[PDB]
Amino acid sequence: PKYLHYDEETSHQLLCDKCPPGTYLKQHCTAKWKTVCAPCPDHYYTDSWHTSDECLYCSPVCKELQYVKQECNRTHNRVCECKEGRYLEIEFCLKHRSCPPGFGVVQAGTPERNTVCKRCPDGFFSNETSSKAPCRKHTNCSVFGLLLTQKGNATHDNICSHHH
């Protein structure tokens, strides 16, 4: 339904309605009396259906290099996130790790996690220092197209002209 719950007034145990996100609970249903649900106060909120008499304070404030992704509604808590390139590290928004001209991104940095780098396995490479770019595999000149001209290491692709 809207969703109910037990209360157990003097006599029996009753099916009362739950309070919607955006409200707190003022009075329990009582048979002939419904659940009285008030809206949250100016800086509080509730995500889900529930039964608490109290609401939640919107928290915390955003940090310097953070922006308000989700503003504080009676229905949602504020959501703060680190701007592009940065993840939240303890108290501060720090730039994602750059993956050295040798290595490649194996785990996309997020607003919450750093970018995780690794070494380019045999047969892979990256020509750059990027916080975003993965290990790309040696282009197989051998087959599709032309011939090999220079072996590729972990830092360099196969250089593959079309003359032996």
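The first residue of the sequence shown is number 1, and the count goes up from there.
Enquirer: Would you mind comparing 58-66 and 98-106 for me and telling me which has the higher average C-alpha temperature factor in the entry?
Expert: Comparing 58-66 with 98-106, the higher mean C-alpha B-factor belongs to 98-106.
Enquirer: Quick one: say whether 23-31 or 49-57 has the higher mean Cα B-factor in the deposited entry.
Expert: For C-alpha atoms only, the mean B-factor is higher in 23-31.
Enquirer: Among the chain's modelled residues, which third holds the C-alpha B-factor of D42?
Expert: Middle third of the chain for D42's C-alpha B-factor.
Enquirer: Relative to the other modelled residues of the same chain, rank the CA B-factor of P111 and answer lowest, middle or highest third.
Expert: Lowest third.
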